[PDB]
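Participant: coords_5.txt is reproduced below (compact mmCIF, C-alpha atoms and all ligand atoms).
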# COMPACT_ATOMS: atom_id res chain seq x y z
CA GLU A 1 59.42 -228.20 15.21
CA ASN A 2 56.62 -230.78 15.15
CA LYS A 3 58.93 -233.33 16.83
CA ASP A 4 60.36 -231.18 19.66
CA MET A 5 58.37 -228.64 21.68
CA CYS A 6 58.68 -230.14 25.18
CA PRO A 7 61.04 -232.90 26.41
CA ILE A 8 58.03 -234.68 27.93
CA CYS A 9 55.46 -233.58 25.33
CA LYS A 10 57.54 -233.74 22.14
CA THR A 11 54.80 -235.41 20.03
CA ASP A 12 51.34 -234.16 21.01
CA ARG A 13 50.03 -233.81 17.45
CA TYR A 14 47.89 -236.96 17.73
CA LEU A 15 46.76 -235.94 21.25
CA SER A 16 44.84 -232.87 19.97
CA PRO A 17 47.48 -230.12 20.38
CA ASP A 18 45.29 -227.67 22.31
CA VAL A 19 48.01 -226.45 24.72
CA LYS A 20 50.44 -223.66 23.91
CA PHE A 21 54.25 -223.90 24.17
CA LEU A 22 55.78 -221.07 26.18
CA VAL A 23 59.43 -220.01 25.99
CA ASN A 24 61.32 -218.31 28.80
CA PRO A 25 63.60 -215.41 27.77
CA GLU A 26 66.37 -216.84 30.01
CA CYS A 27 66.33 -220.29 28.38
CA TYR A 28 64.92 -219.97 24.84
CA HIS A 29 63.38 -223.43 25.26
CA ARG A 30 59.91 -224.66 24.31
CA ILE A 31 57.81 -226.05 27.17
CA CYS A 32 54.16 -227.07 26.94
CA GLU A 33 51.50 -225.67 29.28
CA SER A 34 50.84 -228.59 31.63
CA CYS A 35 54.59 -228.92 32.25
CA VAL A 36 55.72 -225.30 32.69
CA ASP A 37 52.70 -224.54 34.89
CA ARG A 38 53.88 -227.25 37.29
CA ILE A 39 57.47 -226.00 36.88
CA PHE A 40 56.92 -222.44 38.08
CA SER A 41 54.05 -223.67 40.27
CA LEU A 42 56.35 -225.88 42.37
CA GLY A 43 59.11 -223.25 42.46
CA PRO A 44 61.46 -221.31 40.18
CA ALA A 45 63.65 -224.18 38.95
CA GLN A 46 65.40 -225.04 35.71
CA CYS A 47 63.70 -226.92 32.88
CA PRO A 48 65.04 -230.34 31.80
CA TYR A 49 65.18 -229.27 28.14
CA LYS A 50 68.05 -231.48 26.95
CA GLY A 51 69.72 -231.07 30.34
CA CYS A 52 69.09 -227.34 30.64
CA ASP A 53 70.42 -225.71 33.81
CA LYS A 54 69.25 -222.09 33.46
CA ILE A 55 66.54 -221.34 36.01
CA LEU A 56 63.03 -220.80 34.66
CA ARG A 57 61.28 -217.95 36.49
CA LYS A 58 57.60 -217.52 37.31
CA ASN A 59 55.44 -215.83 34.65
CA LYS A 60 57.25 -213.37 32.32
CA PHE A 61 56.46 -215.51 29.28
CA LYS A 62 55.80 -214.57 25.65
CA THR A 63 54.06 -215.82 22.53
CA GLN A 64 56.38 -216.71 19.65
CA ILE A 65 55.59 -216.70 15.93
CA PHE A 66 59.08 -218.20 15.40
CA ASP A 67 61.70 -216.02 13.68
CA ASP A 68 64.74 -217.98 14.95
CA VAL A 69 66.37 -217.44 18.35
CA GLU A 70 69.08 -215.27 16.79
CA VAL A 71 66.67 -212.74 15.27
CA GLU A 72 64.33 -212.86 18.28
CA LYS A 73 67.21 -212.11 20.65
CA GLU A 74 68.51 -209.41 18.29
CA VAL A 75 65.10 -207.72 18.17
CA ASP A 76 64.52 -207.99 21.93
CA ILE A 77 67.97 -206.60 22.74
CA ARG A 78 67.53 -204.22 19.80
CA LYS A 79 64.31 -202.78 21.22
CA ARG A 80 65.62 -202.69 24.80
CA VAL A 81 68.84 -200.87 23.88
CA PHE A 82 66.82 -198.65 21.54
CA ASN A 83 64.70 -197.63 24.55
CA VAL A 84 67.76 -197.14 26.77
CA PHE A 85 69.47 -194.85 24.25
CA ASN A 86 66.06 -193.24 23.49
CA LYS A 87 66.50 -190.19 21.18
CA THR A 88 69.47 -188.49 22.85
CA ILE A 89 71.30 -186.32 20.29
CA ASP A 90 69.21 -187.61 17.37
CA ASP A 91 66.74 -185.07 15.95
CA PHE A 92 68.13 -182.26 18.12
CA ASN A 93 69.10 -180.08 15.13
CA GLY A 94 68.82 -182.06 11.87
CA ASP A 95 72.36 -183.32 11.26
CA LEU A 96 72.78 -186.47 9.17
CA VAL A 97 76.44 -187.42 9.68
CA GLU A 98 76.68 -187.45 13.48
CA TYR A 99 73.21 -189.01 13.68
CA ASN A 100 74.21 -191.92 11.44
CA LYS A 101 77.47 -192.28 13.39
CA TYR A 102 75.59 -192.51 16.69
CA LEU A 103 73.17 -195.03 15.17
CA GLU A 104 76.23 -196.97 14.00
CA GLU A 105 77.53 -196.93 17.58
CA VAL A 106 74.19 -198.16 18.97
CA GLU A 107 73.93 -200.94 16.38
CA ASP A 108 77.54 -201.90 17.14
CA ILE A 109 76.61 -202.13 20.83
CA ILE A 110 73.62 -204.35 20.01
CA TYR A 111 75.95 -206.40 17.80
CA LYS A 112 78.45 -206.84 20.64
CA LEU A 113 75.56 -207.88 22.91
CA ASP A 114 74.09 -210.44 20.51
CA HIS A 115 77.60 -211.82 19.91
CA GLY A 116 78.83 -211.49 23.51
CA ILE A 117 82.50 -211.26 22.43
CA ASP A 118 84.28 -212.32 25.63
CA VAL A 119 81.97 -211.04 28.40
CA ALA A 120 84.01 -207.84 28.79
CA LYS A 121 82.78 -205.25 26.30
CA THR A 122 79.15 -206.12 27.08
CA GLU A 123 79.71 -205.15 30.72
CA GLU A 124 81.00 -201.77 29.54
CA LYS A 125 77.81 -201.54 27.49
CA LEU A 126 75.83 -202.22 30.67
CA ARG A 127 77.69 -199.40 32.42
CA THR A 128 76.80 -197.30 29.37
CA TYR A 129 73.16 -198.25 29.95
CA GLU A 130 73.38 -197.13 33.58
CA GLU A 131 75.01 -193.87 32.46
CA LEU A 132 72.34 -193.23 29.82
CA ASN A 133 69.61 -193.98 32.37
CA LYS A 134 71.27 -191.54 34.77
CA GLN A 135 71.23 -188.94 31.98
CA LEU A 136 67.54 -189.62 31.30
CA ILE A 137 66.64 -189.26 34.98
CA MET A 138 68.31 -185.83 35.16
CA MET B 1 41.49 -210.21 55.38
CA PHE B 2 39.62 -207.90 57.77
CA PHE B 3 36.10 -207.55 56.35
CA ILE B 4 32.82 -206.17 57.67
CA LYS B 5 29.64 -208.21 57.18
CA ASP B 6 26.08 -208.19 58.51
CA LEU B 7 25.54 -211.46 60.38
CA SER B 8 22.42 -213.05 61.86
CA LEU B 9 22.30 -215.31 64.91
CA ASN B 10 19.56 -217.21 66.75
CA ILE B 11 19.79 -216.56 70.50
CA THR B 12 18.19 -218.93 73.02
CA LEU B 13 17.04 -217.56 76.39
CA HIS B 14 15.82 -219.35 79.51
CA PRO B 15 12.28 -218.53 80.74
CA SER B 16 13.90 -216.93 83.81
CA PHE B 17 15.22 -214.08 81.60
CA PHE B 18 11.84 -212.67 80.54
CA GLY B 19 12.11 -209.44 82.52
CA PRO B 20 11.44 -206.05 80.92
CA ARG B 21 15.22 -205.53 80.60
CA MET B 22 15.58 -208.77 78.60
CA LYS B 23 16.71 -206.85 75.49
CA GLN B 24 19.92 -205.89 77.30
CA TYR B 25 20.47 -209.57 78.15
CA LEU B 26 20.10 -210.34 74.44
CA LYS B 27 22.86 -207.88 73.54
CA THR B 28 24.91 -209.30 76.42
CA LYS B 29 24.58 -212.81 75.02
CA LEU B 30 25.02 -211.43 71.50
CA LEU B 31 28.44 -210.23 72.63
CA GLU B 32 29.56 -213.15 74.78
CA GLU B 33 28.97 -215.70 72.02
CA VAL B 34 29.92 -213.73 68.90
CA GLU B 35 32.96 -211.65 69.83
CA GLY B 36 36.09 -213.80 70.07
CA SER B 37 34.57 -217.01 68.71
CA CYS B 38 34.98 -218.31 65.15
CA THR B 39 32.81 -219.68 62.35
CA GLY B 40 33.75 -221.83 59.37
CA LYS B 41 31.55 -219.74 57.05
CA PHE B 42 32.56 -216.15 57.90
CA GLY B 43 35.96 -216.65 59.55
CA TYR B 44 37.23 -215.40 62.88
CA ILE B 45 34.71 -212.89 64.23
CA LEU B 46 36.64 -209.94 65.67
CA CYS B 47 34.29 -207.14 66.77
CA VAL B 48 30.61 -206.20 66.45
CA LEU B 49 29.80 -202.73 65.14
CA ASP B 50 26.57 -200.85 65.88
CA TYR B 51 25.65 -201.74 69.47
CA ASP B 52 22.80 -199.22 69.89
CA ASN B 53 20.75 -199.93 66.73
CA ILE B 54 20.60 -203.71 67.20
CA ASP B 55 17.45 -205.14 65.63
CA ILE B 56 15.49 -207.52 67.85
CA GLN B 57 12.72 -208.54 65.37
CA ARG B 58 10.21 -210.80 67.20
CA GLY B 59 10.89 -213.61 69.65
CA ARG B 60 9.28 -216.99 69.02
CA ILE B 61 8.53 -219.76 71.53
CA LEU B 62 9.68 -223.24 70.58
CA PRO B 63 7.60 -226.20 71.88
CA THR B 64 9.28 -228.07 74.74
CA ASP B 65 11.60 -226.58 77.38
CA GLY B 66 9.85 -223.23 76.89
CA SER B 67 13.06 -221.41 75.94
CA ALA B 68 12.83 -218.34 73.71
CA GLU B 69 14.40 -218.14 70.25
CA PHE B 70 15.45 -214.85 68.65
CA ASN B 71 16.76 -213.91 65.20
CA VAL B 72 19.22 -211.01 65.46
CA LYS B 73 20.63 -209.14 62.45
CA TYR B 74 23.71 -207.03 63.19
CA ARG B 75 26.92 -205.68 61.63
CA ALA B 76 30.25 -207.18 62.64
CA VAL B 77 33.95 -206.95 61.80
CA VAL B 78 35.32 -210.42 61.02
CA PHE B 79 38.61 -211.85 59.77
CA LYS B 80 38.59 -214.49 57.02
CA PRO B 81 41.75 -216.06 55.53
CA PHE B 82 42.07 -216.84 51.84
CA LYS B 83 44.19 -219.17 49.73
CA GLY B 84 47.26 -217.62 48.12
CA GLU B 85 47.15 -214.49 50.28
CA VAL B 86 50.32 -212.61 51.24
CA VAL B 87 50.21 -211.79 54.96
CA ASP B 88 52.74 -210.95 57.66
CA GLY B 89 53.25 -212.67 60.98
CA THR B 90 55.47 -213.49 63.93
CA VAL B 91 56.65 -216.97 64.89
CA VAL B 92 55.44 -218.52 68.16
CA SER B 93 56.22 -222.24 68.19
CA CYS B 94 58.99 -223.95 66.22
CA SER B 95 59.01 -227.48 64.83
CA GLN B 96 61.19 -229.66 62.62
CA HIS B 97 58.41 -229.67 60.01
CA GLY B 98 58.39 -225.86 60.07
CA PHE B 99 57.81 -222.79 62.20
CA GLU B 100 54.28 -221.75 63.16
CA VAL B 101 53.62 -218.17 62.08
CA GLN B 102 51.07 -216.12 64.05
CA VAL B 103 48.88 -213.95 61.82
CA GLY B 104 46.28 -212.22 63.98
CA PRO B 105 44.04 -214.81 65.62
CA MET B 106 45.15 -217.51 63.14
CA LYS B 107 48.20 -219.73 63.64
CA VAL B 108 49.41 -220.57 60.13
CA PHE B 109 51.87 -223.42 59.59
CA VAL B 110 54.68 -223.44 57.03
CA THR B 111 55.92 -226.83 55.86
CA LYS B 112 59.67 -227.40 55.64
CA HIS B 113 59.26 -228.70 52.08
CA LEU B 114 57.58 -225.38 51.19
CA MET B 115 60.80 -223.54 52.13
CA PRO B 116 63.89 -222.75 50.03
CA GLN B 117 66.89 -225.05 50.13
CA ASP B 118 69.21 -222.53 51.79
CA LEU B 119 66.88 -222.24 54.80
CA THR B 120 67.99 -224.91 57.27
CA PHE B 121 66.65 -225.94 60.67
CA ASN B 122 68.81 -225.30 63.74
CA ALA B 123 67.95 -227.04 67.02
CA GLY B 124 71.19 -226.25 68.86
CA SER B 125 70.00 -222.70 69.52
CA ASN B 126 67.64 -221.64 72.30
CA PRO B 127 65.02 -221.35 71.05
CA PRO B 128 65.58 -223.52 67.95
CA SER B 129 65.74 -221.20 64.95
CA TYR B 130 65.80 -221.59 61.17
CA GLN B 131 69.10 -220.23 59.84
CA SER B 132 69.49 -219.54 56.11
CA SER B 133 72.24 -217.93 54.01
CA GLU B 134 71.39 -214.39 55.16
CA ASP B 135 68.29 -214.40 57.39
CA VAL B 136 67.73 -216.09 60.76
CA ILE B 137 64.11 -217.02 61.52
CA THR B 138 63.54 -216.82 65.28
CA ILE B 139 60.39 -216.54 67.42
CA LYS B 140 60.35 -212.75 67.81
CA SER B 141 61.36 -212.29 64.15
CA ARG B 142 58.82 -210.98 61.65
CA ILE B 143 58.24 -213.11 58.54
CA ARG B 144 56.09 -212.37 55.47
CA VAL B 145 54.26 -215.61 54.62
CA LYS B 146 52.23 -216.27 51.47
CA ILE B 147 49.26 -218.43 52.44
CA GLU B 148 48.72 -221.24 49.93
CA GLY B 149 45.67 -223.00 51.37
CA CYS B 150 43.07 -222.53 54.09
CA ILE B 151 40.73 -224.91 55.92
CA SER B 152 37.27 -223.75 57.02
CA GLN B 153 36.11 -226.18 59.69
CA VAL B 154 33.26 -225.29 62.05
CA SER B 155 34.52 -223.01 64.86
CA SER B 156 38.12 -223.86 63.88
CA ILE B 157 40.18 -222.48 60.99
CA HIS B 158 43.79 -223.39 60.17
CA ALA B 159 45.83 -222.36 57.14
CA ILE B 160 49.09 -223.40 55.46
CA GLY B 161 51.64 -220.88 54.21
CA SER B 162 54.92 -220.80 52.33
CA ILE B 163 57.90 -218.49 51.79
CA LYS B 164 59.67 -220.30 48.95
CA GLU B 165 58.65 -217.78 46.29
CA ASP B 166 60.38 -214.44 45.80
CA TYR B 167 59.65 -211.29 47.83
CA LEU B 168 58.94 -213.42 50.91
CA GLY B 169 60.67 -214.72 54.03
CA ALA B 170 61.78 -212.67 57.02
CA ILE B 171 60.72 -209.03 57.14
CA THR C 1 67.46 -273.17 16.11
CA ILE C 2 64.04 -271.85 17.14
CA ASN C 3 65.65 -269.89 19.98
CA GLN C 4 68.36 -268.68 17.58
CA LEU C 5 65.81 -267.68 14.91
CA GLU C 6 64.82 -264.37 16.53
CA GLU C 7 61.73 -262.33 15.60
CA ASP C 8 59.29 -264.48 13.61
CA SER C 9 62.04 -266.40 11.84
CA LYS C 10 60.75 -269.47 13.71
CA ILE C 11 57.77 -269.25 16.06
CA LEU C 12 56.33 -271.71 18.59
CA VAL C 13 54.13 -271.81 21.70
CA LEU C 14 55.88 -272.63 24.98
CA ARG C 15 53.37 -274.76 26.89
CA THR C 16 55.28 -276.80 29.49
CA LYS C 17 59.01 -277.22 30.10
CA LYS C 18 58.62 -280.88 31.05
CA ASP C 19 56.81 -282.56 28.12
CA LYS C 20 59.20 -281.82 25.21
CA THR C 21 57.08 -278.69 24.43
CA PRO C 22 54.37 -279.37 21.80
CA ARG C 23 55.59 -277.03 19.07
CA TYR C 24 54.15 -274.96 16.22
CA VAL C 25 55.41 -274.04 12.75
CA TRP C 26 54.16 -270.70 11.40
CA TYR C 27 55.71 -267.46 10.17
CA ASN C 28 54.86 -263.75 10.06
CA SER C 29 57.17 -260.73 10.30
CA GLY C 30 58.22 -259.44 13.72
CA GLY C 31 56.30 -261.22 16.47
CA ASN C 32 58.91 -260.38 19.10
CA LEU C 33 57.93 -256.96 20.48
CA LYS C 34 59.04 -258.02 23.96
CA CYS C 35 60.52 -254.54 24.36
CA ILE C 36 56.98 -253.49 25.30
CA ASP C 37 57.30 -253.12 29.07
CA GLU C 38 55.08 -255.30 31.24
CA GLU C 39 53.79 -252.12 32.90
CA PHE C 40 52.55 -250.86 29.53
CA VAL C 41 50.78 -254.19 28.97
CA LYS C 42 49.14 -253.97 32.41
CA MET C 43 48.03 -250.42 31.60
CA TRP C 44 46.72 -251.70 28.26
CA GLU C 45 44.46 -254.36 29.81
CA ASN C 46 42.99 -252.02 32.45
CA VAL C 47 41.39 -249.83 29.76
CA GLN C 48 37.65 -250.54 29.54
CA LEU C 49 36.31 -249.68 26.09
CA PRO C 50 32.97 -247.82 25.88
CA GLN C 51 30.73 -250.23 24.01
CA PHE C 52 28.20 -249.44 21.25
CA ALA C 53 28.40 -245.99 19.60
CA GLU C 54 29.87 -244.32 22.69
CA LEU C 55 33.43 -244.95 21.48
CA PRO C 56 33.19 -243.10 18.12
CA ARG C 57 31.55 -240.16 19.90
CA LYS C 58 34.26 -240.14 22.58
CA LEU C 59 36.91 -240.15 19.83
CA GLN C 60 35.21 -237.41 17.79
CA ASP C 61 35.19 -235.18 20.89
CA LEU C 62 38.97 -235.53 21.27
CA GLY C 63 39.55 -234.81 17.57
CA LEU C 64 40.75 -238.19 16.28
ZN ZN D 1 55.21 -231.41 28.32
ZN ZN D 2 65.80 -223.92 29.68
Would you put the structure from the file into structure tokens?
Facilitator:
Amino acid sequence: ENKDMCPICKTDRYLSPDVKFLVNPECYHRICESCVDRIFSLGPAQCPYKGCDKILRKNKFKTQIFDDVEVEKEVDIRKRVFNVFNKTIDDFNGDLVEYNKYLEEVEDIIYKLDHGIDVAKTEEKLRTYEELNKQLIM
Amino acid sequence: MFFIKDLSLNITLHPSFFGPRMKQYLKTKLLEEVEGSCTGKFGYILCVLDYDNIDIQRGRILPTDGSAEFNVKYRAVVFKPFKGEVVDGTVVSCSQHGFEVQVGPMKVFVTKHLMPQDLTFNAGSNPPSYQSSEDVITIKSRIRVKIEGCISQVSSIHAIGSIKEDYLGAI
Amino acid sequence: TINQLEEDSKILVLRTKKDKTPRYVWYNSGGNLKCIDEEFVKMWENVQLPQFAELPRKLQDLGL
């Protein structure tokens, strides 16, 4: 929004907004350049975005064209899980039923990750990621 | 960093050293002054490569005193620190403001404020050591320090390091 | 009543608290604005304006 983009620099529109507003993937919070640079420059600490406590790490930023945090998280987790599952048992022979069922399973896993449930099934999905990675290494 | 650079130095000789063997004397002086010393422009001079093909150029006589001045161009191995440079070192002296890491010929200092919160100072031990939540920083312990800033004073170079960031601390 | 008539409902000029205070009877709108911190006023008086046409050029470089 034009009224919130940094708890210290929330209204920089009349100060020539020439600085970007980075967002950390472990906070989903907007921080302007001159602030975040000092943040990760003085040490990996949390940002004071409305009393935020999640630690902001050095670098590992991203540019955002803004498609809501829900859809951005669903497409980041969607792409990551899509790369973990890769194309195992997909176009191996040409079947349409089992392929769509496996895609339904993957999308249900991404759904359980973007919803979180109760922090119990998602851990089993992480073990599934380690198993799939072990299958891709072999 | 350990670099190799061609350096030039002006050597002064007393009129009593004008024998036919004076060239040797030059090289002698060229060693005794250059190897081991330090400069604020090229860093700590370590060694001097190429001892046989040392250019002598031409010696010039300055007015009074009658001493001889020479301009020598040689190749030398020097060590120059840099800001924000990950190096390794071993502690020598310990202080409440921080332990003094020894990186080659340079004694870097690490400020206590530039350390993580879990790393605490312990004076009850002999020698006093910095104990953290997993690692114990002692004298003989090896620590990887990330140098943040360096000072290049004439014939004296000191740097400041830190280990607060990730992938640092004791080795 | 002047002290009770807050924010430009009744203005005056406090000169001396020993000579019945020679008053003043004018009206505007707000006039209070004492919420402006004294530090912000001190930082407002320390700003030296660039005279002549230097100020419009310095403001056109910032984008205002
Ligand atoms: Zn800011
Ligand atoms: Zn945050």
Participant: Which protein, DNA or RNA residues have an atom within 10 Å of ligand ZN 1 (chain D), counting all atoms listed in the file, as an mmCIF file with C-alpha atoms, in the coordinates of the input?
Facilitator:
data_model
loop_
_atom_site.group_PDB
_atom_site.id
_atom_site.type_symbol
_atom_site.label_atom_id
_atom_site.label_comp_id
_atom_site.auth_asym_id
_atom_site.auth_seq_id
_atom_site.Cartn_x
_atom_site.Cartn_y
_atom_site.Cartn_z
ATOM 1 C CA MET A 5 58.370 -228.640 21.680
ATOM 2 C CA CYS A 6 58.680 -230.140 25.180
ATOM 3 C CA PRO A 7 61.040 -232.900 26.410
ATOM 4 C CA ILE A 8 58.030 -234.680 27.930
ATOM 5 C CA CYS A 9 55.460 -233.580 25.330
ATOM 6 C CA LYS A 10 57.540 -233.740 22.140
ATOM 7 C CA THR A 11 54.800 -235.410 20.030
ATOM 8 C CA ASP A 12 51.340 -234.160 21.010
ATOM 9 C CA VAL A 19 48.010 -226.450 24.720
ATOM 10 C CA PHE A 21 54.250 -223.900 24.170
ATOM 11 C CA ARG A 30 59.910 -224.660 24.310
ATOM 12 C CA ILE A 31 57.810 -226.050 27.170
ATOM 13 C CA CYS A 32 54.160 -227.070 26.940
ATOM 14 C CA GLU A 33 51.500 -225.670 29.280
ATOM 15 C CA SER A 34 50.840 -228.590 31.630
ATOM 16 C CA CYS A 35 54.590 -228.920 32.250
ATOM 17 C CA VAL A 36 55.720 -225.300 32.690
ATOM 18 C CA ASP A 37 52.700 -224.540 34.890
ATOM 19 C CA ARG A 38 53.880 -227.250 37.290
#
Participant: Compute the chain C side of the contact with chain A at 12 Å, counting only C-alpha atoms, and hand it back as a list in words.
Facilitator: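 Using only C-alpha atoms, chain C residues at most 12 Å from chain A: residues 59, 60, 61, 62, 63 and 64 of chain C.
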Participant: Per residue of chain A within 10 Å of ligand ZN 2 (chain D), what are the shortest atom pair and its distance in Å to one decimal, counting all atoms listed in the file, with rows by chain and residue number, as CSV?
Facilitator:
residue,atom,partner,partner_atom,distance
A:23,CA,D:ZN2,ZN,8.3
A:24,CA,D:ZN2,ZN,7.2
A:25,CA,D:ZN2,ZN,9.0
A:26,CA,D:ZN2,ZN,7.1
A:27,CA,D:ZN2,ZN,3.9
A:28,CA,D:ZN2,ZN,6.3
A:29,CA,D:ZN2,ZN,5.1
A:30,CA,D:ZN2,ZN,8.0
A:31,CA,D:ZN2,ZN,8.6
A:45,CA,D:ZN2,ZN,9.5
A:46,CA,D:ZN2,ZN,6.1
A:47,CA,D:ZN2,ZN,4.9
A:48,CA,D:ZN2,ZN,6.8
A:49,CA,D:ZN2,ZN,5.6
A:50,CA,D:ZN2,ZN,8.3
A:51,CA,D:ZN2,ZN,8.2
A:52,CA,D:ZN2,ZN,4.8
A:53,CA,D:ZN2,ZN,6.5
A:54,CA,D:ZN2,ZN,5.4
A:55,CA,D:ZN2,ZN,6.9
A:56,CA,D:ZN2,ZN,6.5
Participant: May I ask which of the residues B:123, B:76, B:38, B:62 is the closest one to residue 105 of chain B, counting only C-alpha atoms?
Facilitator: B:38
Participant: Write out as a CSV table (one decimal) with C-alpha atoms, keeping the file's coordinate frame each polymer residue whose atoms come within 10 Å of segment 12-24 of chain C, counting only C-alpha atoms; drop sequence neighbours fewer than 3 positions from it.
Facilitator:
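The result, written out as part_17.csv:
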chain,number,residue,atom,x,y,z
C,2,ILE,CA,64.0,-271.8,17.1
C,3,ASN,CA,65.6,-269.9,20.0
C,8,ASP,CA,59.3,-264.5,13.6
C,27,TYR,CA,55.7,-267.5,10.2
Participant: For the atom pair atom CA of residue 133 of chain B and atom CA of residue 118 of chain B, what is the interatomic distance in Å to one decimal place?
Facilitator: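 For atom CA of residue 133 of chain B relative to atom CA of residue 118 of chain B, the distance reads 5.9 Å.
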Participant: Produce a table with one row for each residue of chain A that has an atom at most 9 Å from any atom of chain B, each row naming the nearest atom pair and its distance in Å at one decimal; use only C-alpha atoms; arrange rows by chain and rising residue number; format as JSON lines.
Facilitator:
{"residue": "A:42", "atom": "CA", "partner": "B:114", "partner_atom": "CA", "distance": 8.9}
{"residue": "A:43", "atom": "CA", "partner": "B:165", "partner_atom": "CA", "distance": 6.7}
{"residue": "A:44", "atom": "CA", "partner": "B:165", "partner_atom": "CA", "distance": 7.6}
Participant: Anything within 9 Å of (47.0, -222.8, 61.1): list those residues as a PyMOL selection string, counting only C-alpha atoms and sticking to the file's coordinates.
Facilitator: chain B and resi 100-102+106-110+150-151+157-161
